[PDB]
Ligand SMILES: FC(F)c1nnc2c(C(F)(F)F)cccn12
Ligand SMILES: FC(F)c1nnc2c(C(F)(F)F)cccn12
Ligand SMILES: [Cl-]
Ligand SMILES: [Mg+2]
Ligand SMILES: [Mg+2]
Ligand SMILES: [Mg+2]
Ligand SMILES: [Mg+2]
């Protein structure tokens, strides 16, 4: 019933552009929308996000998260490890690479989502969500070495999976951080499964 | 130790703008970023709300109520939590109950309300509250519920059992061209991982 008629460039930066989208509404009326896209997609999706489950014997299972300054937010955010997929990179390879660069952890693919939308009211941005387990008892994960890219500055925050939502609420309360919506959504469903 | 130095407008639409963000990196060095923001954010604690609507009915499994809409930015149909922008002077809780009734017909009861969480913090300043609402599907109000879609709003309601959410989403994606929202996928993944 609905579809794109045309896109008009409003403004293109190096990494992001603003388009004016003309589309057919399901009554047969023509309508316009202001749409954000990345200029970087070549790719099943723009990015991967990694759900990293740190498994250590005789410890609570943890979810490994990252804290970073986010210039669009003007502040620090708590997020799943994540990055853009390199041209010709698989989502799985991107996941293990981003997880190792951001956390220094070496993990195993458990499962990989299809492309899922980040904010479909505003952007065409998509990611693969990639569930990875980390054998925290293996020697390679003893002293995990975070290898940042140029300009990346990442703090690792491991939180017990069984209390994730309460732990995130605490950090926000004490640390004035913004929690990522996908991290918060995961933490909610862990509580709601009960 | 990182902070914003300046925000230079690049391009302002009616609904979205692109900014050149200048910030201090943690080595004491000036860098820039391309940042997306909405033009619509006034005194709201966030741009929007997304609703996690748990439909509860005697001798039924709990359903998660989802909506399917054409999203011009994506050029296609997306499956999302009911969601909308917070009106000037509207509370996140009132926005969530209003958007839930407008998009699905269902009259919910507030359960919980997140702090402001970031939609895509590497790209935008966009934030939502994630509001968990229970719907009493035994109430006569919620019997044959009628969406009240706004102007140029066309929403289909999809209620899926919480206990099978991820496989039910996977089956919808296998049967037509559509994108699942990243927050819905993150929530369905955590239900499986619990
Ligand atoms: F920011 C973009 F998402 C965007 N572009 N158009 C809109 C509208 C409009 F009513 F104009 F269609 C409402 C809300 C957001 N919009
Ligand atoms: F698209 C915007 F999110 C955006 N602005 N700058 C960047 C960079 C840069 F390396 F330049 F810093 C990398 C990735 C995305 N960026
Ligand atoms: Cl798992
Ligand atoms: Mg990253
Ligand atoms: Mg990285
Ligand atoms: Mg909406
Ligand atoms: Mg609406």
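Counting begins at 1 with the first residue displayed.
Every residue gets a Cβ built from N, Cα and C, even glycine.
What Swiss-Prot lists as substrate binding site is B:15, B:33, B:34, B:38, B:71, B:85, B:120. Marked as Mg(2+) 1 binding site by Swiss-Prot on the basis of experimental evidence: B:83, B:103. If you look up Swiss-Prot, you'll see B:99, B:103, B:153 marked as Mg(2+) 3 binding site. Look at Swiss-Prot and you will find B:99 tagged as Mg(2+) 2 binding site. What Swiss-Prot lists as SUMO2 cross-link is B:29, and the listing cites a large-scale study or a structure entry. As annotated by Swiss-Prot, domain 'Nudix hydrolase' applies to B:44-184. For B:32, the entry in Swiss-Prot reads phosphothreonine, with the evidence type experimental evidence.
Residues from the binding-site residues list (B:33, B:34, B:99, B:153) with a C-beta closer than 6 Å to any atom of ligand 2: B:33, B:34. Among the binding-site residues B:15, B:99, B:103, B:153, the ones with a Cβ under 8 Å from a Cβ of chain A are B:15. The residues of the domain 'Nudix hydrolase' (B:44-184), classed with DSSP into helix (H, G, I), strand (E, B) and coil, number 36 helix, 54 strand, 51 coil. Spanning the residues B:15, B:33, B:34, B:38, B:71, B:85, B:120 that the record associates with binding substrate, the maximal Cα-Cα distance equals 26 Å. By the criterion of other Cβ atoms within 10 Å of the residue's own Cβ, the least surrounded of the recorded positions B:29, B:38, B:71 is B:29. With respect to ligand 6, the binding-site residues B:33, B:71, B:83 contribute B:83 as residues with a C-beta closer than 6 angstroms to one of its atoms, given in sequence order. In this view, the densest Cβ surroundings among the binding-site residues B:34, B:120, B:153 belong to B:120, judged by other Cβ atoms lying within 10 Å. Neighbour counts of Cβ atoms within 10 Å were taken for the binding-site residues B:83, B:85; the minimum is at B:85.
Secondary structure from DSSP puts residue B:34 (substrate binding site) in a beta strand. Ligand 1 lies under 6 Å from the Cβ of B:15, out of the binding-site residues B:15, B:120, B:153.
For residue B:33 (substrate binding site), the count of additional Cβ atoms within 10 Å of its Cβ stands at 21 [all protein chains shown].
For the Mg(2+) 3 site, the Cβ centre of B:99, B:103, B:153 serves as reference, and the other residues of the chain with Cβ at most 8 Å from it are B:67, B:82, B:83, B:84, B:100, B:102, B:104, B:147, B:149, B:150, B:155.
The recorded positions listed here (B:29, B:32, B:34, B:99) include B:99 as those with a Cα within 10 A of the Cα of residue B:83 (Mg(2+) 1 binding site).
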